[PDB]
Each structure stands twice: as structure tokens, then as C-alpha cells.
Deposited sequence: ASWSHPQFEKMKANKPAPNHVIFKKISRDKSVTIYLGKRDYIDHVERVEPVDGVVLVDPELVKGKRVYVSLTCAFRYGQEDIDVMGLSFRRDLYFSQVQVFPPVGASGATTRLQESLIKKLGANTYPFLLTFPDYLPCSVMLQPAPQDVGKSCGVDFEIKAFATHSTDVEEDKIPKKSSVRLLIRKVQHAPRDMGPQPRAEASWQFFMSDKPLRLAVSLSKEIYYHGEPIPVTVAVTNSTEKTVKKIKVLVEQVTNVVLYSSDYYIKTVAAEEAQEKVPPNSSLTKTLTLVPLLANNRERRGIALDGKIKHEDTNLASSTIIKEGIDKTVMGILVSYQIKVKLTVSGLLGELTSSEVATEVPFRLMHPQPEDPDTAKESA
């Protein structure tokens, strides 16, 4: 979108990139295309490498106590860029323009993503947690190696994002119908759930049309619709945990042998969901305001399991019915229907 630079401490290696965000489509991931500008006197008789790193990070910064920092590399790849051996391969329009502008000391790099990688997802801390941080982030590091024996001064690092957008074509209209049976009763309780579409945007309302046809003597006390964020953490073992994001309930109760068809609109927002621990968010560039994490789309039929933070969404409708032992005691019937919460295509 716009060309940005970062110069190393010793001013030996300068890195150039065209964009911060790199879009993961299901079929293919957008490659990291860029150039490095070197000072030939400063890089005389040393090798320069450009690396791409995907890291699972845990920060902890307690005042007066300790500073513990944890890191696990899910991906690491590097290509040599200096000294040049022959001509470079296929170059992008961005790379060709930048070599043309800067000069002869400019050298291109291309780092690619495989199929088994997550996206830039961070986890929200509580006000109980002052220095705690958790998330998956992507890094490009250009470094020189004076091998007369890695200097920190020659190395220059820059944060990037692997992002997913909403697909060109929408999925099926997500809908489910259920007919439940009780202790001895011949008559059933029927529930039908329907959403307006498969994919919703951040801030967009979700019209959940719910159609309950109660034909029993049982009274439906309240009907509750809730947006559930399914957060999956994969590292050594796969760990699923569910959190409620947005919730609304109808004012009307459903009578015995009577039906109700009501549509309920739910808006999931981070502005309503602040201060809660473990809420998955879309990864920041540098300390800016963010939203709730986008739905992760994984490539089908891949060999290796995807590690990191994987985010799923679902509409749950809960029905409290008057169960056994009378009207005073109650039991639950539920339906879960998944959906995608995603950013629009630019």
C-alpha cells in the first residue's frame, strides 16, 4: 500500500517493504516481497540474511517482582541475500521499482508461507493482569554475519501480520431445526434457528430469526440467544474454551400449546467485551485500537496440524423448559449454529 523503511543501529542494513499485512487465501498465502539496501564498505567480507519468523509469545511484567518472557517459534525460514551469486529470480513490480530508485547496492528477497500456519491473533488481559501478554505474531529480520571467529547492531527487525479476509462467494444460509421429546409426553417441542447470511462483518448486526412451535403443556420460561467465541490453543495439546461475546433475551414467554417466531439482532463488539481475560483479538501493528478476532480458515486436507490460536464463531440459542418435578424446577434445550465474523475485501 505504502513503502516503509527501517535502518539498523550501525546503519549497515536498510530494509524496505510495501505492506504490513499479508493476506492468507485458502489456496495460497501472499509472499513477503521486499528489498535490502546495504552500505558496501560496511558489509565488506560478510554474509547478509533475511529471515521470516512466526512466534507464540508470552510476556509477564510484574512491578517490583519479576519480568518473565516466553517464546516458541512455530515457523522459521531464511534466504541469503549478500554476497550476490549470479542474478536474482522472478521479482515483483514493487521490488523492480525499488532497485531502480535506490541504486546498485539494492538486493531483493522473497520469503514464502506454507499451508500449516496460523494468523496474527492476540489474547486480551484483565485489569488484574498488568504486564501479562499472549499472542501469535510475525517478524521479518535482516541480519549480517561477520564470521571472523550474529551482531545485534547489524540486525534490524520489523513486525508484520498474516491476515484473512471474507471470501468472494458466501457460504450456505446457516440453519437448523430440532424436534425434542420429554419424559412421557406424545407431543414434541419444535425449534427452528436461522441466520440472515453465513458471513458477517465486525460491527454488523446478526439477525437471528428463531421459530419455536410449542405444542406441549410445558411452559418455555425464557428464550436466550448468545454469540459464542470458540478459542482453540494448539501447542503441546489442543485446548478448546468458549466465551460469550454478545447476549440478548426476549421479553415474551412462550405459552403451553402456542408458538412464537421472533427475530433477535445481536452486535458483537470489543467495546462491550473489554476487561475480560482470554478474549481473542485480531493482531495489532503497534499499540493501536483493535477488534474481536476474525474466523480462521484452514486449508483442507493438509498433512501437518496448525499450531497457535485458532478462532471460531457460533450462535447458540438456549431454551429453559419446565422439566421434571413441576414448574419450580427447570431444564435446558439448546441449538448451536456456526458463522464467520470477518473483515471485508479491500
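Q: Could you list the ranges of the deposited sequence that have no C-alpha atoms in the model?
A: Unmodelled stretches: 1-19, 169-173, 371-380.
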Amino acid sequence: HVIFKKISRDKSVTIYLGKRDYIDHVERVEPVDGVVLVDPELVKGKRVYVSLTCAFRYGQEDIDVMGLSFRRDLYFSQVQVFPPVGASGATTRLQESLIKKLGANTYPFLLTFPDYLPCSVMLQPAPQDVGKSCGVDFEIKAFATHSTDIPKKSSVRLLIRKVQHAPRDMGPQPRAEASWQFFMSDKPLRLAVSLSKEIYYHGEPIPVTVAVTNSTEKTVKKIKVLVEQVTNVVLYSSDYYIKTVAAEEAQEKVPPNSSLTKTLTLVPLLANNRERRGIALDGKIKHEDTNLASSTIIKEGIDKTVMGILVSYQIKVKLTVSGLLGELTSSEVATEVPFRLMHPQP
From here on, numbers count along this sequence of modelled residues.
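Q: Read off the CA B-factors in the entry, average them over 3-11 and over 335-343, and name the higher stretch.
A: Mean CA B-factor is higher for 3-11.
Q: Tell me which stretch, 324-332 or 15-23, has the higher mean Cα B-factor listed in the entry.
A: In the deposited entry, the stretch with the higher C-alpha B-factor mean is 324-332.
Q: Out of 71, 157, 262, 202, which one has a C-alpha B factor higher than all the others in the entry?
A: Each of 71, 157, 262, 202 was compared by C-alpha B-factor; the highest is 262.
Q: Between 50, 32, 63, 280, which carries the biggest CA temperature factor in the record?
A: Largest recorded C-alpha B-factor: 63.
Q: How does the C-alpha B factor of residue 143 compare with the rest of the chain: lowest, middle or highest third?
A: CA B-factor rank for residue 143: middle third.
Q: Could you tell me which third, lowest, middle or highest, the C-alpha B-factor of residue 183 occupies within its chain?
A: Answer is highest: the recorded C-alpha B-factor places it there.
Q: Of the three thirds of its chain by CA temperature factor, lowest, middle or highest, which one includes residue 292?
A: As the PDB entry reports it, the C-alpha B-factor of residue 292 lands in the lowest third of its chain.
Q: Determine, from the deposited record, the chain-internal third of the Cα B-factor for residue 221: lowest, middle or highest.
A: Its C-alpha B-factor, which the entry lists for residue 221, ranks in the highest third among residues of this chain.
Q: Give the position of residue 196 by CA B-factor within its chain, expressed as the lowest, middle or highest third.
A: Middle third of the chain for residue 196's C-alpha B-factor.
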